[PDB]
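Read top to bottom, the protein sequences are chains A and B. Here the entry's author numbering is used: the first residue of the first sequence is 5, the next is one more, and so on. Here the entry's author numbering is used: the first residue of the second sequence is 4, the next is one more, and so on. Ideal placement from N, C-alpha and C gives every residue a C-beta, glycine not left out. Please read the structure below before turning to the comments.
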Amino acid sequence: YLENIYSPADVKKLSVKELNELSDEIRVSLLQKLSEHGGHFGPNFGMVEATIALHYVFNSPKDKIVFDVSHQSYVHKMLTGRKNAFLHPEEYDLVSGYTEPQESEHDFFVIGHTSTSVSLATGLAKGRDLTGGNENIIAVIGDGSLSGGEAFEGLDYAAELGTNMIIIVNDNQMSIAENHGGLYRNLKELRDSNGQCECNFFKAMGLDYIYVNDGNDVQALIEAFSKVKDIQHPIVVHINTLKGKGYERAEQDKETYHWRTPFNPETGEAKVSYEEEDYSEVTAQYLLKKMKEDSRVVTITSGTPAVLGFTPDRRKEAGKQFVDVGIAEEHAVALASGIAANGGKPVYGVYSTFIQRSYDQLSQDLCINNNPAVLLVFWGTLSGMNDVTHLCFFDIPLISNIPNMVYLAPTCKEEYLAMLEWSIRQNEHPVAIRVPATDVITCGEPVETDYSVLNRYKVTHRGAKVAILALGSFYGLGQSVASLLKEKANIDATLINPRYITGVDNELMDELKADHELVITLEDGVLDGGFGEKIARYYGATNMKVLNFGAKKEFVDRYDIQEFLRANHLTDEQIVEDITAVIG
Amino acid sequence: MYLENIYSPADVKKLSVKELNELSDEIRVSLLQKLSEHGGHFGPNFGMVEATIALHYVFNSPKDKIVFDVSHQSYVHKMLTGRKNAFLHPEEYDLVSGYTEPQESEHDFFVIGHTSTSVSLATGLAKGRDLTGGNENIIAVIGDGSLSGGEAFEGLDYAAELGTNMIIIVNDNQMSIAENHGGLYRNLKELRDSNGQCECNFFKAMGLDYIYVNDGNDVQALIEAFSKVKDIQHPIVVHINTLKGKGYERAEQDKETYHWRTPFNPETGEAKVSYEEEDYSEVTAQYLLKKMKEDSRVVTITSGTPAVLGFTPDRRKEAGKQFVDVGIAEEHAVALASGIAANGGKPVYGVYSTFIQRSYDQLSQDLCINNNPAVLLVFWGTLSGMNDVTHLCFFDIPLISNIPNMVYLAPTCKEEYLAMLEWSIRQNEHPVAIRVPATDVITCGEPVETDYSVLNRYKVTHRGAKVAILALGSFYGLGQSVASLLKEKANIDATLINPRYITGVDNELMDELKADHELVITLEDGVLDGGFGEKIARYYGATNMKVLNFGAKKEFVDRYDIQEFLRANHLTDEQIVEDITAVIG
Ligand SMILES: Cc1ncc(C[n+]2csc(CCOP(=O)(O)OP(=O)(O)O)c2C)c(N)n1
Ligand SMILES: Cc1ncc(C[n+]2csc(CCOP(=O)(O)OP(=O)(O)O)c2C)c(N)n1
Ligand SMILES: [Mg+2]
Ligand SMILES: [Mg+2]
């Protein structure tokens, strides 16, 4: 039946007995693509019956559906014209892993971050209302995403529309790990009272409410969804789904199966089984030790403990000293700041792309008060996650231009661990550390253990004519540029490990004027608002020439990394070529 | 006077109920004098008198810790914790800021100005206590308006998991700055109308314990409630109903006006300087009321600060469904605007520079990744305006201009501003932000471009040589003056440029200047790091062009003297000219 689904109209042609068979067909096809190609396993298997019912009852694209995150919209794409991308291995990559309007009229937003569906959906509804449309507007949002303040604001506003607004809460009792927040006790009393409970968070927020206990039964959902169709006021449809339904291993281990690398369908084991530790593992190793020796130390995550190497066992080990605040980046920062104000030693670890949510809290809650909380920022690089919503391109311009902030850029493992140890020990600054997005590199030479004199860059090779400031993960690159500059142009360049993203070594920059005419900067991130521009500004009235290397200010999506680097001149021979072109 | 003998909460605990009530009276008298003479947040502090007395009657600050949301309503806190003379003697009026400040007092635990952060910062204090085995009480005080902000939701959500002492005072006076907005406020009405007994309780749904206090301006009732929860061993909400501006008739009848007053006549309520003339907020209101009438797809959005758009309660009435107030939810305001523009609407979101700082990810992902043509109006961006540390409008350029796909415009005069806003509404190709000039309303006097679709065209306004001046936005006048004095003092005829586009560089014009110029300077009204000027420096980095960038340093300042600060950053005509000559010779 699935081979003949080209739009929601074809879904409406089926009998209910046929809808159930289609559910099976979808799961078979998902099992193949997801085991071969990786992806969000649990969220999509759990969403099968609700997506069929959604496109059975509603008339997309007049009616519009918005998924929170969109990591769970595979079945949506499967039923709106993109099935061939899931049935034929040769076409696995013809769709992104998130919603995309360029692919389909059935997709209204590129979405990857959490708790944004409800807000964007109310945008659609208000737009309808101002222009006299009459379509249904649906947001689909996970129970974990409910912990984000943007979703609270969206619900708050939705309760005021006075018009059609449909909010499907997909309650599978799981975020990535387990949920956290007192709200989840409310969700729970409601499931147990079959939606009957008087004290209802959603009703307290001003909204109407209905509950569906069998979130994996096409009939129940069609029933539910038909009841709310063409409704004229805001309503919540709270449904209970079983995360990863239809695949035993997923049902028994929900955290592991939220996202899988390619694996064996029969055993569930990954296809490539060797792994060497990454900086996440290291970091978990360090904090479990420190937290044992020093009861003031507390590790914090916003719904992504794995970014800190914190398996369910390790969380258990850490007990009261490991905190998961839900998907609430804003709060994580203010919490860290208050902890540090009343004698605790907080360490908040977060992805670069997600820390984008907390600019004002970093600035006001944290830095105005100058509290010594520690922030670890992971995966900041131009060569990592490469879909547009998860681009870790912007943390240097996000963070490094805030007053009072100290942002450190380690280049190797012992240095990373030394700044982190010093971070916890000091009491004078908020400290953020850009965890290197590389394999774990051994420093091989003893490293400074005190970073209290700010903005001292470390010369690692005395040279002349050209100086290279190779920041963080791009130290390796500065090293290769040094070699190739020597072998092809016989320039012996000064190589510099800057360490401090948040300031300029004025005195060294001055000393370089003597035996150098060109300084270049390499940074693993976008150029606008980043580190290199400060160097350009410092030399602006002097006879020192400067080149800045990094990523251009532009969105890119599922790109080839070799290209993107070359396109931005981030290769050793492109850099040396540019130097000589400037020198002569 | 009892108030002259208060140096700490210990002194507050000495009084009887009759003396506490007399003390309430003295505080209001003293407040009326300070606020009518010196201005300030009138309504919120008059509403908080009895609750602040009771707090320091029952709790033992600074061992116990109190955190005020925003802290605009912490004047009585200061009056009862040792800083009373800053409220009794006019000569010392300025010896305290209008917000909490730890440098002033150990009774102050955070510098706080923005909304909905108390609960989160307070839970931090509690978690820290818990990690070190303290046993002090931890209190957050939050207004009903601040509850509409998502940080407050996350904080409550987290607090409900502590399993330890946590006291959250909700000061419900049924007002934000204007009236509240959000469905949650209907549940608050239910709770107040049922004297806290209603089954449907938002606070209990969040995992929290709860009690209600119907007379939030009665010392006895508050002492009562606060004593019951003292040393409680789990998180609790104490929901109290206060009358905004209690004790002063004119404020009680107009709560929106008296949220904040310039100095005024205690007897008439009239401002001491009553002449008012049109500013860009007023201009903006006029434009949007016209367009919204002519074009039914236009909708104006505020995040609880409608005055920033000149939107008096009448004007809101007029605009009806076409004027939207989303509460204090800056983040949501952006995503709403983006969804509106995706479904045939034309949204115009107006916001203060200092507050738009909340929405970086929403600007980036909700708005700019999808490239939706929502319009953003960013007010008060300047180094010469609001000058307390938490309300510094220094950072909107580095916050916004480095987001990909964003078009961010800097008008220099009034006709240009409106022409830029008209085009913004008409185009369908870009998200557009407009940095409303933080100057007097200046008439352009020469006809202005009406189409801004070809991006990154800087407008040469005077052809010269040797030195070129890129004077962005509010600093166009300053660039005009640097040109004059350069001409009068060094006999250089400098090229003057109005750049307009903050978000890009005129490659072509920048290249042509290399012919008849050796120096380029940039002037911007904001912090330099991540700002406009650095893109010019970077562009010329490999050329023989020299560049200077003028703006504010990356540094926090608080209640500063503005002339001083300008001089310190070389932001004067005589300092810029001097630096130019110092580079040339
Ligand atoms: C802003 C932001 N913060 C954090 C994340 C991390 N994240 C990606 S998917 C996901 C799961 C969301 O949980 P829920 O909505 O309950 O869905 P489920 O996995 O249970 O289907 C999370 C936390 C994100 N994508 N964006
Ligand atoms: C982030 C942010 N957005 C907006 C404001 C504007 N603002 C300043 S004071 C205030 C009033 C808050 O109202 P409420 O919390 O109910 O207190 P009340 O004035 O009624 O005592 C507002 C909206 C702000 N300070 N910070
Ligand atoms: Mg979930
Ligand atoms: Mg209020």
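Could you pull the start and end residues of the alpha helix (DSSP H) that residue i belongs to?
i: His59(B); result: 52-61
i: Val451(B); result: Careful: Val451(B) lies outside any alpha helix (DSSP H) and carries neither H nor E.
i: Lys81(B); result: 78-82
i: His262(A); result: It is not in any alpha helix (DSSP H) - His262(A) carries neither H nor E in the DSSP assignment.
Is the beta carbon of residue i within less than 6 Å of some heavy atom of ligand 1?
i: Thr118(A); result: yes
i: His262(A); result: yes
i: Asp257(A); result: no
i: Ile331(A); result: yes
i: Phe113(B); result: no
i: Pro47(A); result: yes
Taking residue i as part of the beta strand (DSSP E), name the residues at either end of that continuous run.
i: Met169(A); result: 169-175
i: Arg438(A); result: 435-438
i: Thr305(A); result: 301-305
i: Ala471(B); result: 469-474
i: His465(A); result: 462-465
i: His237(A); result: Unbroken run through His237(A): none, as it is neither H nor E.
i: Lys37(A); result: Element bounds for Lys37(A): not the beta strand (DSSP E) but the alpha helix (DSSP H), 20-41.
For residue i, is the beta carbon positioned less than 6 Å from some heavy atom of ligand 2?
i: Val73(B); result: yes
i: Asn501(A); result: no
i: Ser277(A); result: no
List the residues of chain A that residue i touches, going by C-beta distances under 8 Å, in chain order.
i: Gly131(B); result: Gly342, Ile343, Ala344, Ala345, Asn346, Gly347, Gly348
i: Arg300(B); result: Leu134, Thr135
i: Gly330(B); result: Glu157, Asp160, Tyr161
i: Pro376(B); result: None at all; the shortest Cβ gap to chain A is about 12 Å.
Taking just the CA atoms, how far does residue j sit from residue i?
i: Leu512(A); j: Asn552(B); result: 21 Å
i: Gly529(A); j: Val222(B); result: 57 Å
i: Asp14(B); j: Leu83(B); result: 9 Å
i: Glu281(A); j: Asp133(A); result: 54 Å
i: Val276(B); j: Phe267(B); result: 8 Å
i: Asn405(A); j: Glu321(B); result: 42 Å
i: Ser121(B); j: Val173(B); result: 11 Å
i: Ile9(A); j: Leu246(A); result: 25 Å
i: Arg466(B); j: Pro440(B); result: 24 Å
i: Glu227(A); j: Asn220(A); result: 13 Å
i: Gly50(B); j: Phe62(B); result: 20 Å
i: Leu58(A); j: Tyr78(A); result: 14 Å
i: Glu95(A); j: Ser39(A); result: 15 Å
i: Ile472(A); j: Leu489(A); result: 11 Å
Determine the chain B residues that contact residue i at a beta-carbon separation under 7 Å, and present them in chain order.
i: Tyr363(A); result: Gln360, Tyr363, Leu402
i: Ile372(A); result: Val114, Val392, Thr393, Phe559
i: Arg189(A); result: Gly210
i: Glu581(A); result: Neighbours of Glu581(A) on chain B: none; closest Cβ ~13 Å, over 7 Å.
i: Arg541(A); result: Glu537, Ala540, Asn552
Quick one: which chain B residues come within Cβ less than 8 Å of residue i?
i: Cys203(A); result: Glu202, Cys203, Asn204, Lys207, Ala208
i: residue 4(A); result: Nothing about residue 4(A) can be read from this structure; chain A reaches only from 5 to 588.
What does a CB cutoff of less than 8 Å around residue i pick up in its chain, not counting 5 residues either side in sequence?
i: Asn459(A); result: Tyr504, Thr506, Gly507, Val508, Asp509, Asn510
Can you determine whether any heavy atom of ligand 3 sits closer than 6 Å to the C-beta of residue i, and answer yes or no?
i: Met4(B); result: no
i: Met51(A); result: no
With a CB to CB cut of under 6 Å and the five nearest residues on each side skipped, what residues in its chain are close to residue i?
i: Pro316(B); result: none
Name the chain A residues whose beta carbon is nearer than 7 Å to that of residue i?
i: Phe156(B); result: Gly153, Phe156
i: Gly42(B); result: The contacting residues do not exist; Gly42(B) stays about 23 Å from chain A at best.
Should residue i be listed as close to ligand 4, given that the test is whether its C-beta is under 6 Å from any heavy atom?
i: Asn176(B); result: yes
So, at 7 Å on beta carbons, what are the nonlocal neighbours of residue i in its own chain, with the 5 sequence-adjacent residues on each side left out?
i: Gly534(A); result: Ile400, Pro401, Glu527, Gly554
Just to make sure I have the definition right: I need the residues of chain A whose C-beta is within less than 9 Å of the C-beta of residue i. Which are they?
i: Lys549(B); result: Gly544, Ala545, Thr546, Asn547
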